[PDB]
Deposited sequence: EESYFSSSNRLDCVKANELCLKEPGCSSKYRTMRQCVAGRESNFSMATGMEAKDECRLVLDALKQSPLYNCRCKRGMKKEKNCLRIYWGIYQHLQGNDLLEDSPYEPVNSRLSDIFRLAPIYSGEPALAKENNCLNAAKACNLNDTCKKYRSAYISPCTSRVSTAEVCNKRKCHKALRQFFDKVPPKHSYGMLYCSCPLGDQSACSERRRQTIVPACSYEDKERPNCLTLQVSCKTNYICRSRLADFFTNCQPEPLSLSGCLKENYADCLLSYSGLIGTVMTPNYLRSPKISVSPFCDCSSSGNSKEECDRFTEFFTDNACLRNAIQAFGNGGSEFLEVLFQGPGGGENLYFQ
């Protein structure tokens, strides 16, 4: 679908459109109801942008200003046409590599990425800075690390990226594979920290930066669980969640694979000192830790 800033430029020309846009930016600041009607009809009211381009901060700011004033419930970040990309991006498994059924899949994904000339570049790019010592107190500069990690998971083809992060391999811990599956995002820098803050506080922290906000709005909307279907999800798309979860990496919510027998995931946080509101934290974490849609989705890629 169409972007927002293009619609912004469009509406800034029509006398009525921009005139009532100003009338409105004045109305919401403190007849006005009759002006609501005109805004809805404009393409701007239904404008949604996506990935792959290089002008998003402005689109996201526009839409947040429009709708925050009048986050997980109604998400802009993804139109309803992404299923067309979803099914095609469910094919990569066949497109990945002929060799299979080895003792480890993470290593095979790494081998495949160190043979292509885009994944290789961007991988070393968001690696080296995360391993750069710049003082005896610090161990690395996270800003650079997170930003590089982000612009890698934005561009590099899914066939080579998702594999390293979602590679499946035999159960347990201390199996060479799980080590690499955990150490893909170099947690010592991009994951760890000296103190564990409550998740809700980190939830508010994310809610300000203009990127994490959207990468999080995608999560609940896609991976929402439902047991009635055989799939276990709501919108019957295994790769939509597969994208939404990977869209968080780098942001303030940098999860990794915990040390649990099953496939659980938690951001760097814990429901400590939450007092009465252990229910809200528990729901957040449970939706994020133990769910059917996400386990099924991550398992689907495993059967290749």
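Positions of the deposited sequence absent from the coordinates, in order: 1-9, 40-54, 95-98, 333-353.
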